[PDB]
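Data file: entry-v3.tsv. Format and content: TSV, C-alpha atoms.
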chain	number	residue	atom	x	y	z
A	1	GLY	CA	19.79	-1.25	-12.09
A	2	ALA	CA	19.74	2.55	-11.92
A	3	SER	CA	17.43	5.44	-11.08
A	4	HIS	CA	16.37	8.16	-13.49
A	5	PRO	CA	19.13	10.83	-13.60
A	6	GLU	CA	16.78	13.43	-12.04
A	7	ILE	CA	15.92	11.16	-9.10
A	8	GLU	CA	19.64	10.54	-8.70
A	9	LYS	CA	20.30	14.31	-8.53
A	10	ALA	CA	17.59	14.87	-5.92
A	11	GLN	CA	18.43	11.77	-3.85
A	12	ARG	CA	19.54	13.74	-0.78
A	13	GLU	CA	16.24	15.60	-0.51
A	14	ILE	CA	14.29	12.41	-1.14
A	15	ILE	CA	16.20	10.49	1.53
A	16	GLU	CA	15.88	13.17	4.24
A	17	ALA	CA	12.18	13.54	3.43
A	18	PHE	CA	11.51	9.79	3.39
A	19	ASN	CA	13.27	9.29	6.71
A	20	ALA	CA	11.28	12.04	8.42
A	21	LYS	CA	7.98	11.17	6.72
A	22	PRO	CA	7.80	8.26	4.23
A	23	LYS	CA	4.83	9.54	2.22
A	24	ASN	CA	6.59	12.89	1.65
A	25	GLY	CA	9.71	11.25	0.24
A	26	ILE	CA	7.48	9.06	-1.92
A	27	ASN	CA	5.54	12.06	-3.24
A	28	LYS	CA	8.83	13.72	-4.18
A	29	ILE	CA	9.72	10.72	-6.33
A	30	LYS	CA	6.25	10.74	-7.84
A	31	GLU	CA	6.39	14.46	-8.61
A	32	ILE	CA	9.68	14.11	-10.48
A	33	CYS	CA	8.42	11.03	-12.32
A	34	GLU	CA	5.33	12.93	-13.45
A	35	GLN	CA	7.57	15.70	-14.76
A	36	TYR	CA	9.82	13.35	-16.74
A	37	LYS	CA	7.00	11.01	-17.77
A	38	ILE	CA	8.31	7.87	-16.08
A	39	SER	CA	6.66	5.05	-14.13
A	40	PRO	CA	6.89	5.88	-10.41
A	41	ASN	CA	6.25	2.30	-9.21
A	42	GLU	CA	9.50	1.01	-10.69
A	43	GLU	CA	11.25	4.27	-9.74
A	44	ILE	CA	10.27	4.00	-6.08
A	45	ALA	CA	11.28	0.32	-6.06
A	46	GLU	CA	14.65	1.14	-7.60
A	47	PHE	CA	15.21	3.87	-5.05
A	48	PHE	CA	14.58	1.41	-2.19
A	49	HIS	CA	17.19	-0.94	-3.64
A	50	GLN	CA	19.74	1.77	-4.46
A	51	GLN	CA	19.49	3.92	-1.31
A	52	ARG	CA	19.01	1.04	1.08
A	53	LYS	CA	22.09	2.01	3.14
A	54	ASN	CA	20.65	5.50	3.73
A	55	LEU	CA	17.03	4.69	4.50
A	56	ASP	CA	14.95	3.83	7.55
A	57	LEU	CA	14.72	0.12	6.73
A	58	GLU	CA	11.79	-0.35	9.10
A	59	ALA	CA	9.90	2.38	7.24
A	60	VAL	CA	10.69	0.68	3.93
A	61	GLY	CA	9.50	-2.71	5.11
A	62	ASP	CA	6.34	-1.11	6.46
A	63	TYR	CA	5.65	0.77	3.23
A	64	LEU	CA	6.30	-2.31	1.04
A	65	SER	CA	4.10	-4.59	3.15
A	66	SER	CA	1.13	-2.18	3.09
A	67	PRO	CA	-2.13	-3.14	1.29
A	68	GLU	CA	-2.57	0.05	-0.76
A	69	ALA	CA	-2.52	-0.30	-4.56
A	70	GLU	CA	0.53	1.94	-5.06
A	71	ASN	CA	2.41	0.09	-2.31
A	72	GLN	CA	1.52	-3.29	-3.80
A	73	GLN	CA	2.70	-2.21	-7.24
A	74	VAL	CA	5.97	-0.89	-5.77
A	75	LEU	CA	6.48	-4.23	-3.99
A	76	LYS	CA	5.83	-6.15	-7.21
A	77	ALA	CA	8.43	-4.03	-9.00
A	78	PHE	CA	10.81	-4.29	-6.05
A	79	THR	CA	10.74	-8.09	-5.91
A	80	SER	CA	10.79	-8.64	-9.68
A	81	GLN	CA	14.05	-6.66	-9.78
A	82	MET	CA	15.68	-9.36	-7.65
A	83	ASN	CA	17.31	-12.42	-9.19
A	84	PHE	CA	15.62	-15.73	-8.34
A	85	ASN	CA	16.93	-17.56	-11.40
A	86	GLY	CA	20.22	-19.40	-10.96
A	87	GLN	CA	19.86	-19.74	-7.19
A	88	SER	CA	17.89	-22.48	-5.40
A	89	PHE	CA	14.35	-21.88	-4.13
A	90	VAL	CA	15.61	-21.88	-0.53
A	91	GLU	CA	18.53	-19.54	-1.31
A	92	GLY	CA	16.08	-17.24	-3.05
A	93	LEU	CA	13.61	-17.19	-0.19
A	94	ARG	CA	16.47	-16.70	2.30
A	95	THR	CA	17.79	-13.71	0.36
A	96	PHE	CA	14.35	-12.16	-0.10
A	97	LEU	CA	13.54	-12.38	3.62
A	98	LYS	CA	16.98	-11.04	4.65
A	99	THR	CA	16.32	-7.96	2.54
A	100	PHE	CA	13.68	-6.68	4.97
A	101	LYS	CA	13.31	-5.38	8.49
A	102	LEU	CA	10.19	-7.55	8.73
A	103	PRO	CA	7.01	-5.99	10.20
A	104	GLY	CA	5.60	-7.78	13.25
A	105	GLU	CA	2.28	-8.39	11.51
A	106	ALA	CA	1.12	-11.65	9.96
A	107	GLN	CA	-0.87	-9.97	7.16
A	108	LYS	CA	2.11	-7.80	6.18
A	109	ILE	CA	4.61	-10.66	6.22
A	110	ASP	CA	2.13	-12.67	4.14
A	111	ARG	CA	1.93	-9.98	1.46
A	112	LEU	CA	5.74	-9.99	1.22
A	113	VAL	CA	5.84	-13.77	0.89
A	114	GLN	CA	3.12	-13.56	-1.75
A	115	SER	CA	5.22	-11.05	-3.71
A	116	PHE	CA	8.20	-13.42	-3.55
A	117	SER	CA	6.21	-16.44	-4.71
A	118	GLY	CA	4.96	-14.48	-7.70
A	119	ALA	CA	8.44	-13.35	-8.71
A	120	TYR	CA	9.96	-16.78	-8.06
A	121	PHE	CA	7.43	-18.36	-10.42
A	122	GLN	CA	7.87	-15.84	-13.24
A	123	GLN	CA	11.60	-16.55	-13.09
A	124	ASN	CA	11.31	-20.32	-12.67
A	125	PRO	CA	8.19	-21.44	-14.60
A	126	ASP	CA	9.88	-24.83	-14.90
A	127	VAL	CA	10.41	-25.35	-11.15
A	128	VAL	CA	6.85	-24.63	-10.01
A	129	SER	CA	3.58	-24.64	-11.98
A	130	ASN	CA	2.29	-21.24	-10.80
A	131	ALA	CA	2.41	-18.52	-8.12
A	132	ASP	CA	0.08	-20.43	-5.78
A	133	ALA	CA	2.41	-23.44	-5.88
A	134	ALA	CA	5.40	-21.22	-5.11
A	135	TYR	CA	3.45	-19.67	-2.23
A	136	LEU	CA	2.63	-23.08	-0.74
A	137	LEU	CA	6.32	-24.06	-0.98
A	138	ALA	CA	7.33	-20.80	0.70
A	139	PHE	CA	4.77	-21.24	3.47
A	140	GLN	CA	5.92	-24.82	4.04
A	141	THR	CA	9.58	-23.80	4.02
A	142	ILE	CA	8.96	-21.05	6.58
A	143	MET	CA	7.10	-23.47	8.84
A	144	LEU	CA	10.00	-25.88	8.42
A	145	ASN	CA	12.53	-23.21	9.31
A	146	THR	CA	10.82	-22.65	12.64
A	147	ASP	CA	9.87	-26.20	13.60
A	148	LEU	CA	13.06	-28.08	12.66
A	149	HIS	CA	15.14	-25.71	14.78
A	150	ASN	CA	13.02	-25.35	17.93
A	151	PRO	CA	15.14	-26.63	20.89
A	152	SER	CA	12.12	-27.54	23.02
A	153	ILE	CA	10.81	-29.98	20.42
A	154	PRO	CA	11.76	-33.68	20.68
A	155	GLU	CA	13.67	-34.71	17.54
A	156	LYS	CA	11.13	-37.46	16.80
A	157	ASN	CA	8.33	-34.87	16.60
A	158	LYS	CA	10.07	-32.95	13.80
A	159	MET	CA	8.90	-33.24	10.20
A	160	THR	CA	11.00	-35.69	8.19
A	161	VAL	CA	11.69	-35.53	4.45
A	162	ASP	CA	9.03	-38.23	4.14
A	163	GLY	CA	6.62	-35.99	6.03
A	164	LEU	CA	7.34	-33.00	3.82
A	165	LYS	CA	6.57	-34.98	0.65
A	166	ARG	CA	3.25	-36.16	2.09
A	167	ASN	CA	2.36	-32.61	3.13
A	168	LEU	CA	3.02	-31.14	-0.32
A	169	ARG	CA	1.11	-33.79	-2.22
A	170	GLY	CA	-0.92	-32.24	-5.04
A	171	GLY	CA	0.33	-28.79	-4.11
A	172	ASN	CA	1.99	-28.04	-7.45
A	173	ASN	CA	-1.18	-26.88	-9.21
A	174	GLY	CA	-2.81	-30.26	-8.67
A	175	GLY	CA	0.40	-32.16	-9.34
A	176	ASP	CA	3.36	-32.99	-7.13
A	177	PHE	CA	6.78	-31.42	-6.62
A	178	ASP	CA	9.71	-33.62	-7.61
A	179	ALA	CA	10.81	-35.76	-4.65
A	180	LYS	CA	14.51	-35.00	-5.15
A	181	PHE	CA	13.66	-31.29	-5.26
A	182	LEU	CA	11.95	-31.53	-1.86
A	183	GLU	CA	14.80	-33.61	-0.40
A	184	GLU	CA	17.14	-30.80	-1.49
A	185	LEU	CA	14.86	-28.13	-0.04
A	186	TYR	CA	14.63	-30.00	3.29
A	187	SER	CA	18.43	-30.32	3.49
A	188	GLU	CA	19.00	-26.61	2.84
A	189	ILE	CA	16.65	-25.28	5.50
A	190	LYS	CA	17.74	-28.00	7.93
A	191	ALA	CA	21.39	-27.17	7.38
A	192	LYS	CA	20.89	-23.40	7.31
A	193	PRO	CA	18.04	-21.61	9.16
A	194	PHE	CA	16.62	-18.40	7.70
A	195	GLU	CA	17.95	-15.04	8.85
A	196	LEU	CA	14.86	-13.15	10.03
A	197	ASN	CA	14.99	-9.62	11.41
A	198	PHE	CA	11.64	-8.38	12.78
A	199	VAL	CA	10.91	-4.84	13.96
A	200	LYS	CA	10.08	-3.90	17.57
A	201	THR	CA	6.97	-3.13	19.64
A	202	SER	CA	5.39	-0.84	17.02
A	203	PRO	CA	5.28	-1.84	13.31
Transcribe the structure of this file into structure tokens.
Amino acid sequence: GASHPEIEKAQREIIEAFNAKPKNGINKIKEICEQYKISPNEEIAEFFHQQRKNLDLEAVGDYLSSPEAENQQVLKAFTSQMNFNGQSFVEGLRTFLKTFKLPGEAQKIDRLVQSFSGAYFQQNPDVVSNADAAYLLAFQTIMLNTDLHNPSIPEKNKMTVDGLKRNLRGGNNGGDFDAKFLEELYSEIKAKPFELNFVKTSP
């Protein structure tokens, strides 16, 4: 996990530029990558991971959740660089979400979750059948995170493990998810809510 030596040498300029105007900092990375013949997508993704403590996290989240082709490719590279193997599905989703200063936009959050589901699958082809299955599990888990912990909701109205299994029926590429796996998932989210940090009034 390291940036190209030239990016590393120009990090200060890239950081100041990114923080004042994201696209400018990105173009600086792209210009150096062109010069040294390297893939900018992975380079930009690596920079986000490496210089996280120095960047405008809201700007990063916004850039990574954007629909543009370049942005989408950076996100793919960014998420694939994370480790989802040897860490439960719930732990993985928790970590992924905690990485961002989430944008207050459903479409943007959805693109991030989609990126996670894709990466989770590639790293755990034995746990879920495909990306779509991982996405359904993520969606369900997120809905669980909110509903199971809402104080104004009578306990008896909350989804039970039994309910979860019925709701995920045939959601693993036509097949089902192992019952014990779902019981484990339910216990994790129920015992430990997700840590979600969303941006303010203007995302």
Exercise for the section: Pick out the residues sitting within 10 Å of residue 19 (chain A), and hand them over as a ChimeraX atom specification; count all atoms listed in the file, and ignore anything fewer than 2 positions along from it in its own chain. Expected result: /A:14-17,21-25,54-57,59-60
Practice task
Can you work out the spacing between CA of residue 76 (chain A) and CA of residue 178 (chain A) in Å, to one decimal?
Solution key: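 CA of residue 178 (chain A) lies 27.7 Å from CA of residue 76 (chain A).
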Problem - Counting only C-alpha atoms, the option among A:79, A:150, A:141, A:99 closest to residue 164 (chain A) - result: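 So, comparing all the options, the nearest one is A:141.
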Handout entry: Residues within 9 Å of (12.4, 4.2, -11.1), file coords, all atoms listed in the file, listed as an NGL selection string
Key = :A and (2-4 or 7 or 29 or 33 or 38-47)
Problem - All residues 12 Å or closer to residue 169 (chain A), only C-alpha atoms, same chain fewer than 4 positions away omitted, as a VMD selection string - result: chain A and resid 133 136 to 137 140 162 to 165 173 to 179 182
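The residue that comes closest to residue 103 (chain A), out of A:129, A:51, A:201, A:35 and on the basis of only C-alpha atoms, is A:201.
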Handout entry: A:128, A:97, A:168, A:82 ranked by distance to residue 61 (chain A), top pick (using all atoms listed in the file)
Key =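 Once distances to residue 61 (chain A) are computed over all atoms listed in the file, the minimum belongs to A:97.
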Exercise for the section: Considering only C-alpha atoms, state which residue in the set A:156, A:180, A:101, A:111 is at the smallest distance from residue 58 (chain A). Expected result: A:101
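The two atoms in question, CA of residue 30 (chain A) and CA of residue 74 (chain A), are spaced 11.8 Å apart.
Shortest separation to residue 109 (chain A) among A:145, A:65, A:85, A:202 occurs at residue A:65, atoms counted being only C-alpha atoms.
The space between CA of residue 5 (chain A) and CA of residue 83 (chain A) spans 23.7 Å.
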Practice task
List the neighbours of residue 131 (chain A) out to 9 Å using only C-alpha atoms; skip same-chain residues closer than 4 positions along the sequence, and give me the result as a list in words.
Solution key: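 Residues near the query, excluding close chain neighbours: residues 114, 116, 117, 118, 119, 120, 121, 122, 135 and 136 of chain A.
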Handout entry: Distance criterion (all atoms listed in the file): nearest to residue 146 (chain A) out of A:105, A:110, A:195, A:6
Key = A:195
